[PDB]
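Visitor: Here you go, this is my_file_3.txt (compact mmCIF, N, CA and C atoms).
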# COMPACT_ATOMS: atom_id res chain seq x y z
N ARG A 1 117.41 87.95 144.23
CA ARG A 1 118.08 89.28 144.24
C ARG A 1 117.23 90.39 143.52
N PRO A 2 116.46 91.23 144.28
CA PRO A 2 115.54 92.23 143.66
C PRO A 2 116.21 93.42 142.93
N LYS A 3 115.89 93.57 141.64
CA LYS A 3 116.44 94.63 140.81
C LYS A 3 115.34 95.16 139.91
N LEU A 4 115.47 96.44 139.57
CA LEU A 4 114.58 97.08 138.64
C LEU A 4 114.81 96.60 137.20
N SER A 5 113.93 95.75 136.67
CA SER A 5 114.04 95.33 135.25
C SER A 5 113.84 96.50 134.24
N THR A 6 114.32 96.30 133.03
CA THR A 6 114.06 97.21 131.94
C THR A 6 112.58 97.57 131.84
N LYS A 7 111.72 96.56 131.88
CA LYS A 7 110.29 96.78 131.87
C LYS A 7 109.87 97.75 133.02
N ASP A 8 110.51 97.61 134.18
CA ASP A 8 110.15 98.37 135.36
C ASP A 8 110.53 99.80 135.13
N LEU A 9 111.69 99.99 134.48
CA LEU A 9 112.19 101.32 134.18
C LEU A 9 111.25 101.98 133.18
N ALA A 10 110.82 101.18 132.20
CA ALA A 10 109.90 101.68 131.19
C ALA A 10 108.58 102.11 131.86
N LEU A 11 108.13 101.32 132.81
CA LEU A 11 106.85 101.58 133.40
C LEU A 11 106.98 102.85 134.24
N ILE A 12 108.04 102.96 135.01
CA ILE A 12 108.31 104.18 135.77
C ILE A 12 108.28 105.44 134.89
N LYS A 13 109.07 105.42 133.82
CA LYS A 13 109.17 106.55 132.93
C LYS A 13 107.83 106.93 132.30
N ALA A 14 107.05 105.92 131.92
CA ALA A 14 105.75 106.13 131.31
C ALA A 14 104.79 106.73 132.36
N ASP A 15 104.85 106.16 133.56
CA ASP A 15 103.97 106.58 134.66
C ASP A 15 104.25 107.98 135.17
N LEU A 16 105.51 108.31 135.42
CA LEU A 16 105.85 109.68 135.72
C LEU A 16 105.21 110.62 134.75
N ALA A 17 105.37 110.36 133.45
CA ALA A 17 104.94 111.32 132.45
C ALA A 17 103.46 111.45 132.54
N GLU A 18 102.75 110.35 132.76
CA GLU A 18 101.29 110.50 132.74
C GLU A 18 100.84 111.28 134.00
N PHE A 19 101.61 111.11 135.09
CA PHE A 19 101.28 111.61 136.40
C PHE A 19 101.45 113.14 136.35
N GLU A 20 102.57 113.61 135.75
CA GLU A 20 102.79 115.03 135.54
C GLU A 20 101.75 115.59 134.59
N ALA A 21 101.43 114.89 133.51
CA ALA A 21 100.37 115.43 132.67
C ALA A 21 99.08 115.62 133.51
N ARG A 22 98.73 114.71 134.40
CA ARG A 22 97.48 114.87 135.17
C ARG A 22 97.59 116.05 136.14
N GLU A 23 98.80 116.26 136.61
CA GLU A 23 99.07 117.37 137.48
C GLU A 23 98.76 118.65 136.69
N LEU A 24 99.11 118.63 135.41
CA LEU A 24 98.97 119.81 134.58
C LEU A 24 97.52 120.09 134.27
N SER A 25 96.77 119.08 133.89
CA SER A 25 95.30 119.23 133.75
C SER A 25 94.57 119.69 135.01
N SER A 26 94.97 119.25 136.18
CA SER A 26 94.32 119.66 137.43
C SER A 26 94.46 121.15 137.60
N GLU A 27 95.70 121.61 137.39
CA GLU A 27 96.08 122.99 137.37
C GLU A 27 95.15 123.78 136.47
N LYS A 28 94.99 123.41 135.20
CA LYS A 28 94.05 124.16 134.35
C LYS A 28 92.62 124.19 134.90
N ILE A 29 92.13 123.06 135.43
CA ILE A 29 90.76 123.00 135.91
C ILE A 29 90.62 123.89 137.16
N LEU A 30 91.64 123.82 138.00
CA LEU A 30 91.69 124.56 139.23
C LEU A 30 91.67 126.10 138.89
N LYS A 31 92.55 126.56 137.99
CA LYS A 31 92.55 127.98 137.57
C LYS A 31 91.22 128.35 136.98
N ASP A 32 90.66 127.52 136.14
CA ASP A 32 89.37 127.94 135.54
C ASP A 32 88.22 128.05 136.54
N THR A 33 88.30 127.24 137.57
CA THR A 33 87.32 127.18 138.58
C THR A 33 87.49 128.37 139.56
N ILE A 34 88.72 128.65 140.00
CA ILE A 34 88.93 129.84 140.81
C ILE A 34 88.42 131.08 140.04
N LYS A 35 88.72 131.12 138.76
CA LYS A 35 88.44 132.27 137.96
C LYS A 35 86.96 132.31 137.69
N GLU A 36 86.28 131.20 137.98
CA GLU A 36 84.88 131.01 137.65
C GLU A 36 84.52 131.16 136.17
N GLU A 37 85.21 130.45 135.28
CA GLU A 37 84.75 130.38 133.88
C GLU A 37 83.36 129.72 133.78
N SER A 38 82.50 130.18 132.86
CA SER A 38 81.12 129.64 132.74
C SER A 38 80.97 128.10 132.69
N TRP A 39 81.92 127.39 132.10
CA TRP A 39 81.80 125.93 132.02
C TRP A 39 82.28 125.24 133.28
N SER A 40 82.85 126.01 134.19
CA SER A 40 83.66 125.45 135.23
C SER A 40 83.10 125.66 136.62
N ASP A 41 81.86 125.27 136.88
CA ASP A 41 81.29 125.43 138.23
C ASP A 41 81.86 124.36 139.16
N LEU A 42 81.43 124.31 140.39
CA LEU A 42 82.14 123.52 141.37
C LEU A 42 81.83 122.00 141.18
N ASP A 43 80.70 121.67 140.58
CA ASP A 43 80.42 120.28 140.23
C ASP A 43 81.35 119.82 139.12
N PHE A 44 81.56 120.67 138.14
CA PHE A 44 82.56 120.35 137.12
C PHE A 44 83.94 120.10 137.76
N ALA A 45 84.40 121.02 138.61
CA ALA A 45 85.68 120.90 139.27
C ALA A 45 85.80 119.62 140.10
N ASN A 46 84.79 119.35 140.93
CA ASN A 46 84.81 118.17 141.75
C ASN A 46 84.79 116.88 140.90
N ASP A 47 83.96 116.80 139.88
CA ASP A 47 83.95 115.56 139.09
C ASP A 47 85.36 115.29 138.48
N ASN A 48 85.94 116.29 137.80
CA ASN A 48 87.25 116.16 137.11
C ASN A 48 88.44 116.05 137.98
N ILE A 49 88.47 116.85 139.05
CA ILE A 49 89.59 116.79 139.99
C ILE A 49 89.59 115.45 140.68
N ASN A 50 88.43 114.95 141.08
CA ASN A 50 88.34 113.63 141.73
C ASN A 50 88.92 112.53 140.84
N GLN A 51 88.53 112.55 139.55
CA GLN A 51 89.10 111.63 138.52
C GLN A 51 90.62 111.74 138.45
N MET A 52 91.12 112.97 138.43
CA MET A 52 92.56 113.12 138.30
C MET A 52 93.33 112.71 139.53
N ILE A 53 92.82 113.03 140.73
CA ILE A 53 93.40 112.45 141.93
C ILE A 53 93.50 110.88 141.78
N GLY A 54 92.40 110.21 141.44
CA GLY A 54 92.42 108.73 141.43
C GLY A 54 93.42 108.18 140.39
N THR A 55 93.34 108.72 139.17
CA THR A 55 94.34 108.42 138.16
C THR A 55 95.77 108.65 138.72
N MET A 56 96.02 109.83 139.30
CA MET A 56 97.33 110.10 139.89
C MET A 56 97.73 109.10 140.95
N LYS A 57 96.81 108.72 141.82
CA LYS A 57 97.06 107.68 142.81
C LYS A 57 97.37 106.29 142.24
N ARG A 58 96.71 105.90 141.16
CA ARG A 58 97.00 104.64 140.44
C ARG A 58 98.44 104.65 139.96
N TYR A 59 98.85 105.71 139.25
CA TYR A 59 100.24 105.77 138.78
C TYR A 59 101.17 105.66 139.90
N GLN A 60 100.86 106.38 140.99
CA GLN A 60 101.72 106.33 142.17
C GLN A 60 101.84 104.89 142.71
N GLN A 61 100.71 104.19 142.78
CA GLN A 61 100.68 102.81 143.29
C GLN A 61 101.28 101.80 142.27
N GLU A 62 101.07 102.03 140.97
CA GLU A 62 101.73 101.17 140.00
C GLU A 62 103.20 101.27 140.28
N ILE A 63 103.73 102.47 140.38
CA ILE A 63 105.16 102.58 140.63
C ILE A 63 105.62 101.98 141.96
N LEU A 64 104.93 102.37 143.04
CA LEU A 64 105.27 101.91 144.40
C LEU A 64 105.18 100.42 144.52
N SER A 65 104.43 99.79 143.64
CA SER A 65 104.23 98.37 143.77
C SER A 65 105.04 97.50 142.76
N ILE A 66 106.06 98.08 142.12
CA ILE A 66 107.03 97.32 141.35
C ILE A 66 107.88 96.52 142.36
N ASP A 67 108.15 95.26 142.04
CA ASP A 67 108.69 94.40 143.09
C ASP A 67 109.93 94.95 143.80
N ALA A 68 110.92 95.42 143.03
CA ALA A 68 112.07 96.10 143.62
C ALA A 68 111.78 97.47 144.25
N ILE A 69 110.57 98.00 144.07
CA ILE A 69 110.24 99.24 144.76
C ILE A 69 109.75 98.84 146.14
N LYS A 70 108.79 97.91 146.16
CA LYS A 70 108.32 97.34 147.39
C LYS A 70 109.51 96.90 148.31
N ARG A 71 110.40 96.08 147.76
CA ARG A 71 111.58 95.61 148.50
C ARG A 71 112.80 96.49 148.29
N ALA A 72 112.56 97.80 148.15
CA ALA A 72 113.63 98.81 147.96
C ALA A 72 114.84 98.72 148.94
N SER A 73 114.57 98.33 150.20
CA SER A 73 115.61 98.33 151.27
C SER A 73 116.68 97.25 151.10
N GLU A 74 116.38 96.27 150.23
CA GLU A 74 117.27 95.17 149.87
C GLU A 74 117.78 95.30 148.44
N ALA A 75 117.72 96.52 147.89
CA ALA A 75 118.13 96.78 146.51
C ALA A 75 119.23 97.82 146.48
N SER A 76 119.73 98.15 145.30
CA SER A 76 120.82 99.11 145.26
C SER A 76 120.50 100.36 146.12
N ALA A 77 121.55 101.07 146.50
CA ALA A 77 121.36 102.33 147.20
C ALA A 77 120.47 103.27 146.34
N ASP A 78 120.90 103.54 145.11
CA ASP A 78 120.14 104.33 144.15
C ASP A 78 118.65 103.92 144.04
N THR A 79 118.33 102.64 144.19
CA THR A 79 116.92 102.26 144.08
C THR A 79 116.07 102.63 145.28
N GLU A 80 116.52 102.23 146.46
CA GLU A 80 115.95 102.66 147.75
C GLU A 80 115.63 104.16 147.79
N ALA A 81 116.68 104.96 147.55
CA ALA A 81 116.61 106.41 147.56
C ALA A 81 115.59 106.95 146.55
N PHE A 82 115.41 106.23 145.41
CA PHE A 82 114.37 106.58 144.44
C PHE A 82 113.02 106.31 145.07
N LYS A 83 112.87 105.16 145.69
CA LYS A 83 111.59 104.87 146.31
C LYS A 83 111.22 106.00 147.32
N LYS A 84 111.99 106.15 148.39
CA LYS A 84 111.71 107.15 149.41
C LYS A 84 111.28 108.53 148.83
N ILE A 85 112.16 109.15 148.02
CA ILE A 85 111.87 110.45 147.39
C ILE A 85 110.63 110.50 146.46
N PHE A 86 110.35 109.46 145.66
CA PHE A 86 109.14 109.48 144.81
C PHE A 86 107.85 109.34 145.63
N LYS A 87 107.94 108.64 146.75
CA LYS A 87 106.82 108.57 147.67
C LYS A 87 106.53 109.95 148.26
N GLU A 88 107.54 110.67 148.72
CA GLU A 88 107.31 112.01 149.29
C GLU A 88 106.92 113.03 148.23
N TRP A 89 107.53 112.93 147.07
CA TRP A 89 107.21 113.81 145.98
C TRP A 89 105.79 113.57 145.49
N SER A 90 105.40 112.33 145.28
CA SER A 90 104.13 112.09 144.65
C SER A 90 102.97 112.40 145.63
N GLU A 91 103.20 112.07 146.88
CA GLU A 91 102.24 112.32 147.96
C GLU A 91 101.90 113.80 148.05
N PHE A 92 102.93 114.65 148.12
CA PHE A 92 102.76 116.08 148.25
C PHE A 92 102.01 116.69 147.08
N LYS A 93 102.44 116.30 145.89
CA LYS A 93 101.73 116.70 144.70
C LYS A 93 100.32 116.29 144.64
N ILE A 94 100.00 115.09 145.07
CA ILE A 94 98.59 114.72 145.10
C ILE A 94 97.79 115.47 146.21
N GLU A 95 98.35 115.54 147.42
CA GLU A 95 97.63 116.07 148.57
C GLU A 95 97.35 117.55 148.33
N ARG A 96 98.26 118.20 147.62
CA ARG A 96 98.20 119.61 147.30
C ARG A 96 97.04 119.91 146.37
N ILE A 97 96.77 119.00 145.44
CA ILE A 97 95.57 119.14 144.62
C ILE A 97 94.30 118.89 145.46
N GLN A 98 94.36 117.92 146.36
CA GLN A 98 93.25 117.55 147.24
C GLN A 98 92.84 118.75 148.09
N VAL A 99 93.85 119.47 148.56
CA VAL A 99 93.65 120.60 149.42
C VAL A 99 93.10 121.73 148.64
N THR A 100 93.57 121.90 147.43
CA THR A 100 93.10 123.04 146.75
C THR A 100 91.63 122.94 146.38
N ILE A 101 91.22 121.76 145.94
CA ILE A 101 89.78 121.53 145.67
C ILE A 101 88.93 121.58 146.97
N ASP A 102 89.46 121.06 148.07
CA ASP A 102 88.84 121.18 149.37
C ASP A 102 88.55 122.67 149.63
N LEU A 103 89.58 123.50 149.55
CA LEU A 103 89.47 124.93 149.76
C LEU A 103 88.38 125.53 148.92
N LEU A 104 88.28 125.08 147.68
CA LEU A 104 87.27 125.70 146.82
C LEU A 104 85.90 125.23 147.24
N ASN A 105 85.85 124.20 148.07
CA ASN A 105 84.58 123.79 148.62
C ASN A 105 84.43 124.36 150.04
N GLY A 106 85.28 125.31 150.41
CA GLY A 106 85.19 125.89 151.75
C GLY A 106 85.52 124.91 152.87
N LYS A 107 86.26 123.84 152.57
CA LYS A 107 86.82 122.99 153.61
C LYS A 107 88.23 123.38 153.96
N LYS A 108 88.51 123.45 155.25
CA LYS A 108 89.80 123.99 155.69
C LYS A 108 90.65 123.03 156.50
N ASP A 109 90.03 121.93 156.91
CA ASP A 109 90.74 120.88 157.66
C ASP A 109 92.07 120.46 156.97
N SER A 110 92.02 120.18 155.66
CA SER A 110 93.22 119.64 154.95
C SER A 110 94.35 120.64 154.71
N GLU A 111 94.05 121.94 154.56
CA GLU A 111 95.07 123.01 154.56
C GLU A 111 95.78 123.08 155.90
N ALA A 112 95.05 122.81 156.99
CA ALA A 112 95.63 122.90 158.34
C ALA A 112 96.56 121.74 158.48
N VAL A 113 96.10 120.57 158.05
CA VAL A 113 96.95 119.38 158.07
C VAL A 113 98.13 119.61 157.12
N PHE A 114 97.86 120.19 155.96
CA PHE A 114 98.86 120.38 154.95
C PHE A 114 100.02 121.18 155.48
N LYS A 115 99.75 122.38 156.03
CA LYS A 115 100.82 123.25 156.62
C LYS A 115 101.59 122.57 157.76
N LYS A 116 100.89 121.80 158.60
CA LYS A 116 101.55 121.06 159.69
C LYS A 116 102.46 120.04 159.05
N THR A 117 101.93 119.23 158.12
CA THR A 117 102.79 118.21 157.52
C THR A 117 103.88 118.72 156.57
N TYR A 118 103.65 119.82 155.86
CA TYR A 118 104.72 120.43 155.06
C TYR A 118 105.02 121.81 155.55
N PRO A 119 105.82 121.94 156.66
CA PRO A 119 106.05 123.27 157.29
C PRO A 119 106.62 124.29 156.36
N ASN A 120 107.43 123.83 155.41
CA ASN A 120 108.17 124.69 154.49
C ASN A 120 107.93 124.24 153.05
N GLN A 121 106.77 124.62 152.50
CA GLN A 121 106.29 124.08 151.22
C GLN A 121 107.18 124.35 150.02
N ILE A 122 107.85 125.50 150.01
CA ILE A 122 108.67 125.83 148.85
C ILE A 122 110.01 125.11 148.92
N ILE A 123 110.58 125.01 150.12
CA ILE A 123 111.85 124.33 150.20
C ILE A 123 111.54 122.85 149.96
N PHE A 124 110.52 122.33 150.64
CA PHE A 124 110.04 120.99 150.35
C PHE A 124 109.81 120.68 148.84
N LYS A 125 109.13 121.56 148.10
CA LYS A 125 108.95 121.33 146.64
C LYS A 125 110.32 121.33 145.91
N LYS A 126 111.03 122.46 145.90
CA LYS A 126 112.37 122.57 145.31
C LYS A 126 113.14 121.30 145.63
N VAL A 127 113.25 121.00 146.93
CA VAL A 127 114.14 119.95 147.38
C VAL A 127 113.69 118.56 146.91
N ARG A 128 112.46 118.14 147.21
CA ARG A 128 112.07 116.78 146.83
C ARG A 128 112.18 116.62 145.32
N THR A 129 111.97 117.69 144.57
CA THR A 129 112.01 117.47 143.15
C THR A 129 113.44 117.40 142.61
N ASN A 130 114.36 118.16 143.22
CA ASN A 130 115.77 118.07 142.89
C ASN A 130 116.35 116.70 143.13
N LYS A 131 116.06 116.13 144.30
CA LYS A 131 116.49 114.79 144.60
C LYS A 131 115.73 113.72 143.82
N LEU A 132 114.54 114.02 143.30
CA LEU A 132 113.90 113.01 142.46
C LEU A 132 114.64 112.94 141.14
N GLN A 133 114.95 114.11 140.58
CA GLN A 133 115.70 114.18 139.35
C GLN A 133 116.98 113.40 139.51
N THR A 134 117.71 113.66 140.58
CA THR A 134 119.01 113.03 140.66
C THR A 134 118.81 111.52 140.80
N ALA A 135 117.87 111.06 141.63
CA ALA A 135 117.59 109.59 141.75
C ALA A 135 117.23 108.89 140.40
N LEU A 136 116.45 109.58 139.56
CA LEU A 136 116.11 109.12 138.22
C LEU A 136 117.38 108.99 137.39
N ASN A 137 118.12 110.10 137.30
CA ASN A 137 119.39 110.19 136.63
C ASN A 137 120.28 108.99 136.96
N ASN A 138 120.49 108.78 138.27
CA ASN A 138 121.27 107.64 138.80
C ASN A 138 120.69 106.30 138.48
N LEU A 139 119.38 106.23 138.33
CA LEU A 139 118.84 104.93 137.93
C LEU A 139 118.79 104.79 136.38
N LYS A 140 119.46 105.70 135.66
CA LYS A 140 119.48 105.75 134.17
C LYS A 140 118.11 105.76 133.47
N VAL A 141 117.15 106.44 134.12
CA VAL A 141 115.87 106.72 133.50
C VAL A 141 115.97 108.15 133.04
N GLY A 142 115.98 108.30 131.71
CA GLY A 142 116.22 109.61 131.11
C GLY A 142 114.90 110.33 131.09
N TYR A 143 114.42 110.71 132.27
CA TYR A 143 113.20 111.50 132.40
C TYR A 143 113.53 112.78 133.11
N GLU A 144 113.20 113.88 132.44
CA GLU A 144 113.40 115.21 132.93
C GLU A 144 112.07 115.71 133.54
N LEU A 145 112.05 115.91 134.86
CA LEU A 145 110.82 116.35 135.49
C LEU A 145 110.39 117.70 134.95
N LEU A 146 109.09 117.88 134.80
CA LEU A 146 108.61 119.11 134.20
C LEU A 146 109.14 120.32 134.96
N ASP A 147 109.20 120.19 136.28
CA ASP A 147 109.89 121.16 137.16
C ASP A 147 111.40 120.95 137.21
Could you render the structure from this file as structure tokens?

Guide:
Amino acid sequence: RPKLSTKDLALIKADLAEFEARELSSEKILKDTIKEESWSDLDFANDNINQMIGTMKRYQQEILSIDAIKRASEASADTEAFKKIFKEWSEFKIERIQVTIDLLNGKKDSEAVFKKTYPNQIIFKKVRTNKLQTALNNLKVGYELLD
């Protein structure tokens, strides 16, 4: 009978926090690079952003690969629904950083894909994050999303 153990809840909560912190660092590097600060040329941006994408992807996969996350469809309603929404939330947040660094390298393929895949980016952001909060809440993980 697959259930989210206490350890699993702890790992989720720890991982979310680290994942949002990486989101926050990408943001600073991205702003400094758009603004063209002297320390922040495009090699600097690419080296650091690439690191943060991979770190972000690890947290995402650590979470996605908790046994009751993998077998979410045979677990409580609240658990399944957490899986689905954190997958869409985490994906968008990562791809959005990928696109922005792409753009700063004058690549446009991923923005085109991005707009096609997220037709309504603001409603999509507001919405996936609102339902992530509520799914967390329901799973009794006292984590307040930075947004």

Visitor: Counting only C-alpha atoms, select every polymer residue within 12 Å of (113.7, 95.8, 149.5) as defined in the file's coordinates, and provide the selection as a list in words.

Guide: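 Result, sorted by chain then residue number: residues 1, 2, 3, 4, 64, 65, 66, 67, 68, 69, 70, 71, 72, 73, 74, 75, 76, 77, 78, 79, 80, 81, 82, 83 and 84 of chain A.
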
Visitor: Tell me, as a ChimeraX atom specification, which residues lie within 8 Å of region 55-58 of chain A, counting all atoms listed in the file; anything in the same chain fewer than 3 positions away does not count.

Guide: /A:15,18-20,22-23,49-52,61-64,90,94

Visitor: Just the residues within 9 Å of residue 128 (chain A), please, counting only C-alpha atoms, with nothing from its chain fewer than 4 positions along; format it as a list in words.

Guide: residues 85, 86, 88, 89, 123, 124, 132 and 133 of chain A

Visitor: I'd like the interatomic distance between CA of residue 110 (chain A) and CA of residue 17 (chain A), to a tenth of an Å.

Guide: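 Computing the Euclidean distance for CA of residue 110 (chain A) and CA of residue 17 (chain A) yields 26.7 Å.
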
Visitor: Out of A:95, A:13, A:60, A:104, which residue has the shortest atom-to-atom distance to residue 42 (chain A) when counting all atoms listed in the file?

Guide: A:104

Visitor: State, in Å with one decimal place, the distance from CA of residue 144 (chain A) to CA of residue 120 (chain A).

Guide: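 Straight-line distance from CA of residue 144 (chain A) to CA of residue 120 (chain A) works out to 24.1 Å.
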
Visitor: Enumerate the residues of chain A with a DSSP assignment of helix (DSSP H, G or I), computed from the backbone, and present them as a ChimeraX atom specification.

Guide: /A:6-34,42-64,67-70,72-74,77-104,109-117,121-138

Visitor: Neighbours of residue 114 (chain A) within 8 Å (only N, CA and C atoms; same-chain residues fewer than 5 positions away dropped), as JSON, numbers by chain?

Guide: {"A": [95, 96, 99, 108, 109, 119, 120]}

Visitor: Distance CA of residue 11 (chain A)-CA of residue 92 (chain A), one decimal place?

Guide: 21.2 Å

Visitor: For region 93-105 of chain A, take all atoms listed in the file, fit an axis-aligned box around them, add 8 Å to each of the six sides, then output centre and edge lengths in Å rounded to one decimal, as AutoDock Vina command-line options.

Guide:
--center_x 93.4 --center_y 120.2 --center_z 147.3 --size_x 34.0 --size_y 27.0 --size_z 21.4

Visitor: Near residue 41 (chain A), within 12 Å and counting only C-alpha atoms, which residues show up once chain neighbours fewer than 6 positions away are dropped, as an mmCIF file with N, CA and C atoms, in the frame of the given file?

Guide:
data_model
loop_
_atom_site.group_PDB
_atom_site.id
_atom_site.type_symbol
_atom_site.label_atom_id
_atom_site.label_comp_id
_atom_site.auth_asym_id
_atom_site.auth_seq_id
_atom_site.Cartn_x
_atom_site.Cartn_y
_atom_site.Cartn_z
ATOM 1 N N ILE A 29 92.130 123.060 135.430
ATOM 2 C CA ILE A 29 90.760 123.000 135.910
ATOM 3 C C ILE A 29 90.620 123.890 137.160
ATOM 4 N N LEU A 30 91.640 123.820 138.000
ATOM 5 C CA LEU A 30 91.690 124.560 139.230
ATOM 6 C C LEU A 30 91.670 126.100 138.890
ATOM 7 N N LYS A 31 92.550 126.560 137.990
ATOM 8 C CA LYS A 31 92.550 127.980 137.570
ATOM 9 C C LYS A 31 91.220 128.350 136.980
ATOM 10 N N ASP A 32 90.660 127.520 136.140
ATOM 11 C CA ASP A 32 89.370 127.940 135.540
ATOM 12 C C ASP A 32 88.220 128.050 136.540
ATOM 13 N N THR A 33 88.300 127.240 137.570
ATOM 14 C CA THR A 33 87.320 127.180 138.580
ATOM 15 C C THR A 33 87.490 128.370 139.560
ATOM 16 N N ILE A 34 88.720 128.650 140.000
ATOM 17 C CA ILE A 34 88.930 129.840 140.810
ATOM 18 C C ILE A 34 88.420 131.080 140.040
ATOM 19 N N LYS A 35 88.720 131.120 138.760
ATOM 20 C CA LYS A 35 88.440 132.270 137.960
ATOM 21 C C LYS A 35 86.960 132.310 137.690
ATOM 22 N N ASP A 47 83.960 116.800 139.880
ATOM 23 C CA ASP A 47 83.950 115.560 139.090
ATOM 24 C C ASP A 47 85.360 115.290 138.480
ATOM 25 N N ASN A 48 85.940 116.290 137.800
ATOM 26 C CA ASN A 48 87.250 116.160 137.110
ATOM 27 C C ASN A 48 88.440 116.050 137.980
ATOM 28 N N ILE A 101 91.220 121.760 145.940
ATOM 29 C CA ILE A 101 89.780 121.530 145.670
ATOM 30 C C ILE A 101 88.930 121.580 146.970
ATOM 31 N N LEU A 104 88.280 125.080 147.680
ATOM 32 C CA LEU A 104 87.270 125.700 146.820
ATOM 33 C C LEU A 104 85.900 125.230 147.240
ATOM 34 N N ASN A 105 85.850 124.200 148.070
ATOM 35 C CA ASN A 105 84.580 123.790 148.620
ATOM 36 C C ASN A 105 84.430 124.360 150.040
#

Visitor: Counting only N, CA and C atoms, which of A:45, A:53, A:59, A:25 gets nearest to residue 98 (chain A)?

Guide: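 Looking only at the distances to residue 98 (chain A), the closest residue turns out to be A:53.
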
Visitor: Need the neighbours of (114.4, 117.0, 137.9): which residues are at most 7 Å away, counting only N, CA and C atoms, as a list in words?

Guide: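 Answer for this query, in the requested form: residues 129, 130, 131, 132, 133, 134, 143, 144, 145, 146 and 147 of chain A.
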
Visitor: Only N, CA and C atoms, please: the residues just picked out, written as an mmCIF file, in the coordinates of the input.

Guide:
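Result file is again-v3.cif:
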data_model
loop_
_atom_site.group_PDB
_atom_site.id
_atom_site.type_symbol
_atom_site.label_atom_id
_atom_site.label_comp_id
_atom_site.auth_asym_id
_atom_site.auth_seq_id
_atom_site.Cartn_x
_atom_site.Cartn_y
_atom_site.Cartn_z
ATOM 1 N N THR A 129 111.970 117.690 144.570
ATOM 2 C CA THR A 129 112.010 117.470 143.150
ATOM 3 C C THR A 129 113.440 117.400 142.610
ATOM 4 N N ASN A 130 114.360 118.160 143.220
ATOM 5 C CA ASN A 130 115.770 118.070 142.890
ATOM 6 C C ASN A 130 116.350 116.700 143.130
ATOM 7 N N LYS A 131 116.060 116.130 144.300
ATOM 8 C CA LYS A 131 116.490 114.790 144.600
ATOM 9 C C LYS A 131 115.730 113.720 143.820
ATOM 10 N N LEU A 132 114.540 114.020 143.300
ATOM 11 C CA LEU A 132 113.900 113.010 142.460
ATOM 12 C C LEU A 132 114.640 112.940 141.140
ATOM 13 N N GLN A 133 114.950 114.110 140.580
ATOM 14 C CA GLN A 133 115.700 114.180 139.350
ATOM 15 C C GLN A 133 116.980 113.400 139.510
ATOM 16 N N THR A 134 117.710 113.660 140.580
ATOM 17 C CA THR A 134 119.010 113.030 140.660
ATOM 18 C C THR A 134 118.810 111.520 140.800
ATOM 19 N N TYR A 143 114.420 110.710 132.270
ATOM 20 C CA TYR A 143 113.200 111.500 132.400
ATOM 21 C C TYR A 143 113.530 112.780 133.110
ATOM 22 N N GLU A 144 113.200 113.880 132.440
ATOM 23 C CA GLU A 144 113.400 115.210 132.930
ATOM 24 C C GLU A 144 112.070 115.710 133.540
ATOM 25 N N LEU A 145 112.050 115.910 134.860
ATOM 26 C CA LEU A 145 110.820 116.350 135.490
ATOM 27 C C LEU A 145 110.390 117.700 134.950
ATOM 28 N N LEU A 146 109.090 117.880 134.800
ATOM 29 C CA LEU A 146 108.610 119.110 134.200
ATOM 30 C C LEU A 146 109.140 120.320 134.960
ATOM 31 N N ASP A 147 109.200 120.190 136.280
ATOM 32 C CA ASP A 147 109.890 121.160 137.160
ATOM 33 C C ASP A 147 111.400 120.950 137.210
#

Visitor: For residue 141 (chain A), list every protein, DNA or RNA residue within 7 Å, evaluated using all atoms listed in the file, and leave out those in the same chain fewer than 5 positions away; present the list as number ranges by chain.

Guide: A: 9, 13, 135-136

Visitor: Using only C-alpha atoms, which residue out of A:40, A:127, A:111, A:91 lies closest to residue 28 (chain A)?

Guide: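 Of the candidates, the smallest distance to residue 28 (chain A) is held by A:40.
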